[PDB]
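Undergrad: quick one: experimental structure and sequence below.
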2 protein chains.
Amino acid sequence: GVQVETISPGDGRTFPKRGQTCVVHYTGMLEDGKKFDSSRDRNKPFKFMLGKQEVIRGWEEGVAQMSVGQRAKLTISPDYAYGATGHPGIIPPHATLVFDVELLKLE
Amino acid sequence: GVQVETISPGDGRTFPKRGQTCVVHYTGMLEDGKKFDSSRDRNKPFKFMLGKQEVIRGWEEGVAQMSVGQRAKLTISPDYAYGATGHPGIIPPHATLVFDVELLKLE
Ligand SMILES: CO[C@H]1C[C@@H](C)C/C(C)=C/[C@@H](CCOC(=O)NCc2ccccc2)C(=O)C[C@H](O)[C@@H](C)[C@@H](/C(C)=C/[C@@H]2CC[C@@H](O)[C@H](OC)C2)OC(=O)[C@@H]2CCCCN2C(=O)C(=O)[C@]2(O)O[C@H]1[C@@H](OC)C[C@H]2C
């Protein structure tokens, strides 16, 4: 499933609803610790519509429990992520992913 | 594909290579003129590495044709951008994108 561990608390009142645009900064790491991606490195937040954007299950469930301003670590089992195939050229088969996510704003 | 039209020239000899980080300022518009994003509004340059599979095809092939210091208009057909899916709620399905880009430096 996904495990959420808070690094910094958010406001505790404003949680993402379906149809809202979540603006996040994330760093993705494999369970071993190799960073494979980061929006923070591109200097550009990832914006997606919760419910409309096709994302791995762990991300959808994990961000849904975060309130605005929270920074959390989501550890996602491969069945909640890219499973058995992985994502060619970026995620290996059967990988557990660790995401450091900050929910910056809901539009 | 990507059409690159010069607004102001670069040095004419330092072109991005695979494995280098392009640092750019840009504004992105849908072809009807609607602005959907800009690094200037975040006041941080956008950075991405060539070959790292982290930007749409139109960025990699467009910037590969620019020299440092160049400012250019890039027109990107949907098949070199978000295609038939778009980026729900930001980029519509089958959108041609127009970017005003300045390649500031390579690192
Ligand atoms: C640098 O790009 C990142 C993603 C966005 C920040 C950028 C973006 C909008 C990319 C589009 C592709 C833009 O490219 C185009 O639209 N190209 C258009 C085109 C294609 C072909 C022909 C013509 C035109 C995309 O893939 C959207 C997708 O929703 C992302 C956010 C999502 C993924 C990869 C979901 C997959 C989707 C497929 C499912 O099967 C799978 O199930 C396991 C889940 O990604 C995710 O679900 C998770 C959670 C959010 C962050 C992204 N993410 C990651 O796992 C990553 O960290 C990752 O590294 O993030 C990049 C992804 O690149 C595809 C790959 C992916 C491993």
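TA: Here it is on my side, so go on. Numbers count the residues shown, from 1 in each chain, chains lettered A, B, ... in the order given.

Undergrad: use CA for all of it now, contacts and neighbours both
TA: Will do.

Undergrad: next to chain B, which bits of chain A? Give me the list.
TA: Contact residues, chain A versus chain B (Cα under 8 Å from any Cα of the partner chain): A:21, A:37, A:41, A:42, A:43, A:44, A:48, A:49, A:52, A:53.

Undergrad: quick check: the farthest pair among those?
TA: The span of the residues of chain A next to chain B, defined through Cα to Cα, is set by A:41 and A:52 at 25.5 Å.

Undergrad: ok, back up a step: and the residues of chain A next to chain B as a markdown table, adding secondary structure and neighbour count?
TA: Converted to a markdown table, the residues of chain A next to chain B look like this (DSSP: H, G, I helix; E, B strand; the rest coil; neighbours: other Cα atoms under 10 Å in any protein chain shown):
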| residue | secondary structure | neighbour count |
| --- | --- | --- |
| A:21 | strand | 22 |
| A:37 | strand | 18 |
| A:41 | coil | 15 |
| A:42 | coil | 20 |
| A:43 | coil | 17 |
| A:44 | coil | 21 |
| A:48 | strand | 22 |
| A:49 | strand | 21 |
| A:52 | coil | 14 |
| A:53 | coil | 16 |
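
Undergrad: so how far is residue A:76 from the residue of chain A found nearest the ligand?
TA: Distance from the ligand to each residue of chain A (Cα to the nearest ligand atom) is smallest for residue A:55, at 3.1 Å. Separation of residue A:55 from residue A:76 (Cα to Cα, to the nearest Å): 13 Å.

Undergrad: okay, those two: which has more neighbours?
TA: Legend: neighbour count by other Cα atoms under 10 Å in any protein chain shown for residue A:55 and residue A:76, higher for residue A:76 (25 against 13).

Undergrad: now the more buried one: how far from residue A:26?
TA: From residue A:76 to residue A:26 the distance is 14 Å (Cα to Cα).

Undergrad: equivalent analysis for residue A:91, please.
TA: 16 Å.

Undergrad: same check on residue A:44?
TA: Residue A:44 is 10 Å from residue A:26, by Cα to Cα.

Undergrad: all helices of chain A, in order?
TA: For chain A, applying DSSP state H gives helices covering A:57-64.

Undergrad: show me where it has its strands.
TA: For chain A, the strands defined by DSSP state E occupy A:2-8, A:21-30, A:35-38, A:46-49, A:71-76, A:97-106.
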